[PDB]
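See below for the structure under consideration.
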Amino acid sequence: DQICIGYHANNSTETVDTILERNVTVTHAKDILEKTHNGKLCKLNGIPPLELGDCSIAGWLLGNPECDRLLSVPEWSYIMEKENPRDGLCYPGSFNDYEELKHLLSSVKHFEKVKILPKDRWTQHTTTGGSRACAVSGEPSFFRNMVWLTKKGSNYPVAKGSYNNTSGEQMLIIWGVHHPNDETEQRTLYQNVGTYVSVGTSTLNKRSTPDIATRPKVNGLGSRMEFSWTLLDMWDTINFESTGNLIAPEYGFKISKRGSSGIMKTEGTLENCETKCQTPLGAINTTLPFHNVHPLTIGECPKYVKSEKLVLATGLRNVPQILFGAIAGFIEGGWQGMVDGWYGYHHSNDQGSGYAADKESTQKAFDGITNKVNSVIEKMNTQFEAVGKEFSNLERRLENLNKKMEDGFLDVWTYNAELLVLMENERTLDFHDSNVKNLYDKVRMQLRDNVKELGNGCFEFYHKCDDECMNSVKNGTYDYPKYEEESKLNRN
Amino acid sequence: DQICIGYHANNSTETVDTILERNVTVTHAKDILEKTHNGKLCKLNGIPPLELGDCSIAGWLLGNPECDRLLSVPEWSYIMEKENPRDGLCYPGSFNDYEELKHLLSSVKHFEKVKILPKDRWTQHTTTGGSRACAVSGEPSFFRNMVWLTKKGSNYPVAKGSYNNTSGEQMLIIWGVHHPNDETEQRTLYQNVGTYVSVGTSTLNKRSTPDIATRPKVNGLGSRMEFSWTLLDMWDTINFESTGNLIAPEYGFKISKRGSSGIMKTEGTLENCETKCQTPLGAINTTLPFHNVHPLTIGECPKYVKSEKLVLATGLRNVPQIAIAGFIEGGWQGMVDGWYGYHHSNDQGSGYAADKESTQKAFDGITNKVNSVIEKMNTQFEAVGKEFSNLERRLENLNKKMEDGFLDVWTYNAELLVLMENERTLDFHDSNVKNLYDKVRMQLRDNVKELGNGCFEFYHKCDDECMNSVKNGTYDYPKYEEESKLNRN
Amino acid sequence: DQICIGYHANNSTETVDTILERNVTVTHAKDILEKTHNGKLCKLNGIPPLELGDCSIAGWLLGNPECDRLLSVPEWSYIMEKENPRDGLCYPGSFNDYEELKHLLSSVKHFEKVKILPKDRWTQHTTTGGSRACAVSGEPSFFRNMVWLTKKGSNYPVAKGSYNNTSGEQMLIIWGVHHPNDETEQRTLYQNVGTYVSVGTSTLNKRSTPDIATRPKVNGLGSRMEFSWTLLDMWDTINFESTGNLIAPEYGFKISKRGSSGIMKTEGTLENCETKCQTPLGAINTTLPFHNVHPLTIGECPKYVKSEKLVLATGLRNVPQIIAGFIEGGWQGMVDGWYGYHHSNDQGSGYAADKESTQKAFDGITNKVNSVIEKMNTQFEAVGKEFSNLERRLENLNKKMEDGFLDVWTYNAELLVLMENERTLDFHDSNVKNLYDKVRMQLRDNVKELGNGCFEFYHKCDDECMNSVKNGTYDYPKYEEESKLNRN
Ligand SMILES: CC(=O)N[C@H]1[C@H](O[C@@H]2[C@@H](O)[C@H](O)O[C@H](CO)[C@@H]2O)O[C@H](CO)[C@@H](O[C@@H]2O[C@H](CO[C@]3(C(=O)O)C[C@H](O)[C@@H](NC(C)=O)[C@H]([C@H](O)[C@H](O)CO)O3)[C@H](O)[C@H](O)[C@H]2O)[C@@H]1O
Ligand SMILES: CC(=O)N[C@H]1[C@H](O[C@@H]2[C@@H](O)[C@H](O)O[C@H](CO)[C@@H]2O)O[C@H](CO)[C@@H](O[C@@H]2O[C@H](CO[C@]3(C(=O)O)C[C@H](O)[C@@H](NC(C)=O)[C@H]([C@H](O)[C@H](O)CO)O3)[C@H](O)[C@H](O)[C@H]2O)[C@@H]1O
Ligand SMILES: CC(=O)N[C@H]1[C@H](O[C@@H]2[C@@H](O)[C@H](O)O[C@H](CO)[C@@H]2O)O[C@H](CO)[C@@H](O[C@@H]2O[C@H](CO[C@]3(C(=O)O)C[C@H](O)[C@@H](NC(C)=O)[C@H]([C@H](O)[C@H](O)CO)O3)[C@H](O)[C@H](O)[C@H]2O)[C@@H]1O
Ligand SMILES: *[C@@H]1O[C@H](CO)[C@@H](O)[C@H](O)[C@H]1NC(C)=O
Ligand SMILES: *[C@@H]1O[C@H](CO)[C@@H](O)[C@H](O)[C@H]1NC(C)=O
Ligand SMILES: *[C@@H]1O[C@H](CO)[C@@H](O)[C@H](O)[C@H]1NC(C)=O
Ligand SMILES: *[C@@H]1O[C@H](CO)[C@@H](O)[C@H](O)[C@H]1NC(C)=O
Ligand SMILES: *[C@@H]1O[C@H](CO)[C@@H](O)[C@H](O)[C@H]1NC(C)=O
Ligand SMILES: *[C@@H]1O[C@H](CO)[C@@H](O)[C@H](O)[C@H]1NC(C)=O
Ligand SMILES: *[C@@H]1O[C@H](CO)[C@@H](O)[C@H](O)[C@H]1NC(C)=O
Ligand SMILES: *[C@@H]1O[C@H](CO)[C@@H](O)[C@H](O)[C@H]1NC(C)=O
Ligand SMILES: *[C@@H]1O[C@H](CO)[C@@H](O)[C@H](O)[C@H]1NC(C)=O
Ligand SMILES: *[C@@H]1O[C@H](CO)[C@@H](O)[C@H](O)[C@H]1NC(C)=O
Ligand SMILES: *[C@@H]1O[C@H](CO)[C@@H](O)[C@H](O)[C@H]1NC(C)=O
């Protein structure tokens, strides 16, 4: 009669990496890293994003004639923008604090356009002016959200405008100043030289003077237009005053919804699909804690890491046993007939052979491994990860600072995850061997000298053991005093 | 005769966490997180703070009439300010590089006010101007540290003033420029239009022109005042020149003491107490690696982690149940002398004991373990706090992301370290008990008989001296050889 | 006849650290931190650096008469500069966006010079101005790369100038505006009051007005000069216009080579040596992952930490024996392996060693060391950044970021080394005990354990017997009858 102790082996080919060995075959493994995406841009939470196409943020807000599809925009989840948009500032010029405006637009999910200074109120000036830089059907045109004030007759009276924010929320207002190319243009358009543009609110005070000089021609013009913005608070007034070179606003943008969003730089188009996490390459439909698709992401998303594989070993080592002899134990290798658990027995008494499994040790090890996996997974913080920021070309030091901070944090977390996986894999691999040896030691200690240790994990008895005795050994209820006299006689 | 190997147990309730099992009761434990405070604002190292009250830093430095108790201020440790103070710039306006000034004030612990430009030297101008936005008992007043210069008669001559820094340290000087509401105010205050204000030092050059326009009324006035500042070095000179719209300084703030300080944003009042670490909610009296009270602390304080529990297992696992059994059946609730030990049952009488060697080495190892976890933590002075304007949102976001990421890194590090360390400690105790059992078996050989419950049943009658020998490591197998062999057969 | 299981011991005095114990003597150890350096400033990859000496970047780029040796600088790898250079802006003034220029200079490597506005083109102005601040051999002089335009006779016509960037790469252009001290100076130099200087490119639009005021005297002058720069793109044009107070450029700086470079603040001189990693204190010749010389480095350089010691245990504990086995201590006679045996039969005694266990342990330790070393990424880092007096918050932010990352890495390295040392020292004991258990399991009941790690045989075990026991092919049935007879 025999009784042996061993573990479970199968035909799995999965491999894991530990700290002292690489490419170790395991029975079961878990992948906590996702590397796949659908390669499409979709709807977030059911709300489609805003597709700017070839337009830019400045072109959308100012009202470029090539951006007439965005004159009435519904609620959005994120903004899609190209790297180098073609239709932006049709009239050559600049845009002060552009990056700050783009950053503000990363927490706004809806705008409401309100007419604050109607065009017909300028009854002492000329409001129908344009340029061939922004041309519709050949004839010159202008921005659809701004008014160009020129002289009426042969005089330019002082232009005064005001607006009291009785809308209900913060309002965004944009104005501009025109810089001519020669004194001829200035005297043809505004009738006087030495003009000023003054804009004032409760917490704002600005006075700009036009610059007239010969400049290189961009879009066929040697002139420029400088744009500035402000955020008017509730129950607050904005005052405009100018002697010349004022590009007045007709519309003001009211922040109607607020939340978390961002600007995604991509060259693709939207497709009919839904998702909960959006990368510039495609959506992610996952429950795993990590991914390595793209750093920048919008929505609740797994952490990024510069890794190619991260596998957690949740099973035993796969060492298979290699003439109608006696089945060995855990010393030689695993068993392929034990399919009901991880650790078990094998009896060879008179009433047939057969395998079995020990439920207590298997349950304990399963609970421990599940707890380890859940501790690794669930001690990671997940939130909104809008990590897109823009910097001008006078802000190289700030851009380098942001790049270094992001790279350092990403490298730190990569190191953390990789080393954690390595140590945990080694610890679980040693755990399984410790458990098997502990079960063997318990069996030997409870069986005492009634048996004969064979040296390969098996126990040759000294008495005749029935299935009742075998289950007693498995149950840990073996009655040593009962068989003492019988076993002692056959020993010598 | 019987000898057994076991471990000590008690009636504890403290629970630790292990990466494999949660809620494991332990005999001893060490909490390395502090979660309490006194809820009061106290004195840092015996020096009281500067309680601004309803005043702002601009109001304190400019001389707001409602902050007359701050004209002379002693040495301080930190500044207490409200989130939205009331008495700031009584005259509506702005302040250039306000956040830079507030950051500079974070390393200054005392100021000395020096009269650098008296009011009586302006003998060619009028220096009694005032406004009703800054009013005392109904009549108009003005800032106490500044002079408003106005025409004397019907003339405003060119105003010139210079100062040489012979005080002995760096000096802070604040001036201002007035922006009227209409040309009428400009002409009845300064007699001419097209004025300038020029300030020049060895490393500074600034020229400003007033802006006259209609603005929404704040505090009743459509005018504004714009203030600037500079840091004058030792043995350096500052020049002032203006044809109008100049608010000249009367006093300068010399930096008398330097060090580490900060601005704490609270709404409370100072009380009578001492401390070493201060938080906006209260003071901390602790000597532990970690705390979870408030992020923005002033002083040498433990790192902040978003953890509600961080307990290091120092003692053994608590299995209460134990003739008498050994370590397989569980722990002993009667061995109150040490950690590992024995239990003998010879004919003289039963009794417990303790193994001094194993207990001492385990104690030293656990002590070194705890001290390595604790004394690897840099704790220097850091007054975490910075202010940004409404046009510096990107910088504010960068700073917030930096602090949040560092905090998350440190919480993950601490939690993982505690979990793995506790697992290793419990495994260490189990291994030590097993090693003691194995050593006893190895030295005791076949003269005894294992029972499977951790105990050994001898074959020779063993007295007290023999038992102290087997606990000593000086057991003599050959002497009990023939006697032991006889009865075993 | 005996066979024993033991481990190696020697006369080393190395010491490692562990999470449970400190000052542990080991047979073999590896130091993974380098604390030594050459002490000299060398050539990076065979290319010598740029030695500014007593000059500043502004002085080099403007043409300070004292810096007359840097008019034709060759290719370089990094720039050496002093903390407080002496020869800089000889004429007192400022330099707008100076730190941005210094940041841009950390990625260029040659800076070819191109004459864009030759001085002879100004036929309607006087171009021979100078000052005693920048005085050579007593007589007044001026910057060698700049032109000071004054009036000719009693007129100052409008000054215009253009340059189309057809060089083949980006260019750097610097101009200036002069601020006088009084109206007498302004009328003596430019003949008109109320002047302006206008500069315009396809993406720049700046207009400046002179400031006339009395200022403290620096270098004997109460007047100042303000300098600004721009980066002209390819096939772009820059326009200059002024009615006075213009310091026009004569040269432009075309970027010829781009790559990784930097600025080092040192007070030393270049010495004849070659290196690949350079610190402000010296050079590093290394094969080790770590170093604790100086935070700021240029080149292929190791990682930096606040660590005074980082030693990885690659061997056994040194517990020499005062023939016993592994219970007492190591053997000072086993010179061919980590774990081994010692036997004594009627041929003779002698030590030996195991091959499989020693090889497995060697491979495991080597893999551990290589994993610790090779998971640390390295790359070129431009740590050095400079900030102005009104950017204290940004400077503090940068300092806090660098310090925090560096303490994080220091803590990680320390904990990794401590836990790995504990793991190795437990691994060795586990391996020796596993060998002992394997031998006992194979040898069964035909022998007699003696407690110290040795086995006393019950039969007469010869040399072929002993190699069989070492091999793992011990025949239990062959000696079963003989062993059982004498045991009874
Ligand atoms: C309205 C118009 O066509 N003006 C042109 C100007 O005309 C003079 C007219 O005002 C006067 O009464 O009579 C004389 C003849 O006796 C002229 O006809 O003449 C200029 C040259 O002589 C033209 O200059 C050219 O303008 C180009 C630009 O056209 C646009 C543009 O595409 O930007 C469009 C409009 O003409 C105009 N917008 C208005 C008036 O509201 C803008 C305007 O010039 C902006 O200030 C841009 O600079 O220009 C090119 O700029 C070209 O380089 C220039 O020679 C006038 O178009
Ligand atoms: C000094 C004074 O009372 N000025 C008031 C001004 O009167 C003139 C006086 O200077 C002249 O000699 O004679 C005429 C009569 O022939 C006046 O009496 O009249 C203004 C109305 O027309 C008042 O304006 C109002 O001022 C308000 C603010 O008043 C104060 C203030 O408390 O801020 C009063 C101060 O005395 C005055 N002067 C100084 C030197 O600080 C300041 C000054 O105007 C500031 O510079 C304000 O920018 O103003 C309100 O602003 C109100 O809206 C306005 O109508 C003059 O008070
Ligand atoms: C060219 C010259 O010698 N100018 C000095 C000036 O003289 C006049 C001359 O131009 C006119 O035709 O005739 C009168 C007599 O009828 C004068 O001879 O007189 C000034 C004092 O009265 C001197 O002033 C001093 O200049 C110092 C600086 O000298 C330099 C310098 O080294 O920086 C000399 C340069 O030649 C001069 N000119 C140019 C074109 O660079 C510069 C120039 O003044 C700078 O722009 C200064 O902002 O200055 C000191 O500045 C000292 O404080 C001052 O009194 C003139 O040197
Ligand atoms: C482990 O596998 C990887 C890829 O499967 C291979 O590159 C590497 O050489 C393997 N390791 C060894 C020790 O062969
Ligand atoms: C703006 O409107 C609100 C509400 O109608 C009013 O209280 C406030 O006085 C108005 N502003 C001004 C400057 O009158
Ligand atoms: C996305 O994942 C969910 C699991 O929550 C699954 O039910 C659904 O079918 C998946 N959709 C696609 C398109 O893969
Ligand atoms: C551990 O105990 C806490 C209460 O002390 C309980 O909230 C938690 O669910 C328990 N966890 C487990 C795994 O039993
Ligand atoms: C300021 O005072 C110091 C010492 O009294 C003196 O050396 C210096 O020349 C003075 N400054 C000026 C501009 O005279
Ligand atoms: C135990 O060992 C110590 C060795 O220092 C010895 O002095 C003592 O007598 C021993 N005890 C007994 C009972 O032999
Ligand atoms: C240690 O032993 C080696 C033998 O290889 C010898 O060369 C060396 O000098 C010895 N060192 C000391 C300090 O005894
Ligand atoms: C123990 O280690 C410390 C370094 O932490 C060292 O200064 C000291 O000399 C060492 N002592 C011994 C006895 O090795
Ligand atoms: C500058 O030169 C380029 C040559 O490629 C030419 O295309 C361009 O028109 C020139 N610029 C101007 C303003 O003519
Ligand atoms: C640098 O170290 C290497 C060893 O890795 C050595 O071969 C070489 O000669 C050394 N060079 C110098 C200049 O020290
Ligand atoms: C030991 O094993 C080797 C296997 O490489 C074999 O060649 C040799 O004959 C064996 N020796 C004995 C004595 O079994």
Side-chain angles (χ1 to χ4, degrees), chain A residues 114 116 160-169 171 200-203 205 232-240 252 364 366-375 378-379, chain B residues 12-26 29 31 65 89-93 122 125-143 146-154 156 176-191 193 195 210-226 244-248 308-311 419 422:
Chain A
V114 182
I116 57 177
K160 275 179 197 118
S162 301
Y163 172 67
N164 186 359
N165 189 4
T166 51
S167 76
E169 245 276 347
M171 180 156 323
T201 78
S202 276
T203 50
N205 174 30
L232 203 69
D233 279 58
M234 322 195 31
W235 326 116
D236 204 347
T237 318
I238 174 145
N239 274 346
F240 287 97
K364 217 87 153 53
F366 189 69
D367 280 21
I369 297 301
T370 302
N371 280 30
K372 181 192 282 219
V373 156
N374 287 338
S375 147
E378 307 255 20
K379 302 222 145 313
Chain B
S12 273
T13 278
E14 331 170 296
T15 269
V16 299
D17 256 34
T18 291
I19 209 162
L20 281 147
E21 329 109 321
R22 317 195 128 80
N23 288 336
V24 172
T25 317
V26 278
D31 208 347
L89 275 169
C90 57
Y91 206 104
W122 306 105
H125 292 96
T126 294
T127 70
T128 54
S131 178
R132 270 204 171 79
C134 318
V136 170
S137 273
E139 307 97 349
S141 214
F142 200 58
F143 302 103
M146 314 264 120
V147 201
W148 196 346
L149 286 161
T150 299
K151 60 187 215 205
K152 176 198 244 53
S154 44
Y156 193 102
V177 175
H178 180 218
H179 301 290
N181 191 31
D182 44 73
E183 296 208 28
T184 316
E185 283 171 30
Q186 170 85 358
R187 246 172 245 274
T188 88
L189 277 202
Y190 307 116
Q191 197 58 34
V193 183
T195 63
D211 317 324
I212 316 175
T214 311
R215 288 165 209 107
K217 290 195 175 0
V218 198
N219 286 338
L221 304 150
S223 359
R224 306 287 193 259
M225 254 171 212
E226 192 174 23
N245 315 79
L246 168 75
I247 308 287
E308 331 95 301
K309 183 183 163 83
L310 273 188
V311 201
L419 260 46
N422 283 341

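We count ligands from 1, going down the list as the structure has it; atoms in each ligand are counted the same way. Every chain is numbered from 1, with letters handed out A, B, ... down the list of sequences. Because only heavy atoms are used, hydrogens play no part in the values below, and waters and symmetry mates are left out as well, while side chains stay in.
The proximity of B/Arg132 to ligand 2, defined as any non-hydrogen pair under 4.0 Å, involves the side chain as well as the backbone. With a 4.0 Å cut-off on non-hydrogen atoms, B/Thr188 does not touch ligand 2 at all. Contacts between B/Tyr91 and ligand 2 below 4.0 angstrom, taking non-hydrogen atoms only, involve the side chain exclusively. In A/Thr166, the part holding a heavy atom less than 4.0 Å from any atom of ligand 5 is the side chain. Residue contacts with ligand 2 for B/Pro140 are absent, since no atom lies close enough (heavy atoms, distance under 4.0 Å).
Considering only non-hydrogen protein atoms, atom 50 (C) of ligand 2 sits nearest to B/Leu221 CD2, 4.1 Å. Protein heavy atom in closest approach to atom 9 (O) of ligand 5: A/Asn164 ND2, 4.9 Å. Among protein heavy atoms, the minimum distance from atom 1 (C) of ligand 7 is reached at B/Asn23 ND2, 1.4 Å. At the top of the distance list for atom 53 (O) of ligand 2, counting protein heavy atoms only, stands B/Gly220 O, 4.5 Å. Atom 41 (O) of ligand 2 has its closest protein heavy atom at B/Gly130 O, 2.7 Å.
In this structure, the side chain of A/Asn239 does not engage the main chain of A/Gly200 through any donor-acceptor pair within 3.5 Å. Side-chain atoms of A/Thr370 come within 3.5 Å of backbone N or O of A/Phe366 as a donor-acceptor pair. Remark: the backbone N or O of B/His179 is not paired with any side-chain donor or acceptor of B/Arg224 at under 3.5 angstrom. Within the 3.5 Å criterion, the main-chain N or O of B/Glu185 finds no donor-acceptor partner in the side chain of B/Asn181. A distance-only check finds no donor-acceptor pair linking the side chain of B/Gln186 to the backbone of B/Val193 [under 3.5 Å]. At least one donor-acceptor pair closer than 3.5 Å links the side chain of B/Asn422 to the backbone N or O of B/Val311.
The CG atom of B/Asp211 sits 9.5 Å away from the CG atom of B/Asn245 when rounded to the nearest 0.5 Å. Rounding to the nearest 0.5 angstrom, the gap separating the OG atom in B/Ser131 from the CH2 atom in B/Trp148 is 6.0 Å. Atom CG in B/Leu20 sits 6.0 Å away from atom CD1 in A/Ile369 (nearest 0.5 Å). Remark: B/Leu149 CG to B/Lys151 NZ distance equals 14.0 Å, nearest 0.5 Å. Within the model, atoms CG of B/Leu419 and CZ of B/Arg22 stand 6.5 Å from one another, a figure rounded to the nearest 0.5 Å.
Remark: ligand 2 atoms within the under-4.0 Å shell around heavy atoms of B/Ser223 are 47 (C), 48 (O). Under a 4.0 Å criterion applied to the non-hydrogen atoms of B/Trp148, ligand 2 contributes the atoms 41 (O), 45 (C), 46 (O). Less than 4.0 angstrom separates some heavy atom of B/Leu189 from each of these atoms of ligand 2: 40 (C), 46 (O). Numbered from 1 in the order shown, with element, the atoms of ligand 5 that lie under 4.0 Å from a heavy atom of A/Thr237 read 13 (C).
A donor-acceptor pair shorter than 3.5 Å cannot be found between the side chains of B/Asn23 and B/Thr15. Side-chain polar atoms of A/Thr166 and A/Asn164 form no donor-acceptor pair below 3.5 angstrom.
Within the 4.0 angstrom cut-off, atom 47 (C) of ligand 2 has one or more protein heavy-atom neighbours. Per-atom contact check: atom 15 (C) of ligand 2 does not touch the protein, criterion being a heavy-atom distance below 4.0 Å. Under the 4.0 Å distance rule, the nearest protein heavy atom to atom 7 (O) of ligand 5 falls outside the cut-off. Distances from atom 4 (C) of ligand 7 to the protein include no heavy-atom value under 4.0 Å. Protein heavy atoms are absent from the space less than 4.0 angstrom from atom 10 (O) of ligand 2. Checking atom 11 (N) of ligand 7 against the protein gives a heavy-atom contact under 4.0 Å. Within the 4.0 Å cut-off (strictly below), a protein heavy atom is located near atom 32 (O) of ligand 2. Using a 4.0 Å threshold on non-hydrogen atoms, atom 2 (C) of ligand 2 does not count as touching the protein.
Atom NZ of B/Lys152 is surrounded by more than 12 heavy atoms from other residues, nucleotides or ligands within 6.0 Å.
The shortest N or O to N or O distance between B/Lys217 and ligand 2 is not below 3.5 Å. At under 3.5 Å, not a single nitrogen or oxygen of B/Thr150, backbone or side chain, sits near a nitrogen or oxygen of ligand 2. Residue contacts with ligand 7: B/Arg22 is placed with no nitrogen or oxygen under 3.5 Å of a nitrogen or oxygen of the ligand (distance criterion only).
When each of A/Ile238, A/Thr237, A/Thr203 is paired with B/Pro216, the side-chain contact (heavy atoms from CB on, under 4.5 Å) condition holds for A/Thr237 and for no other.
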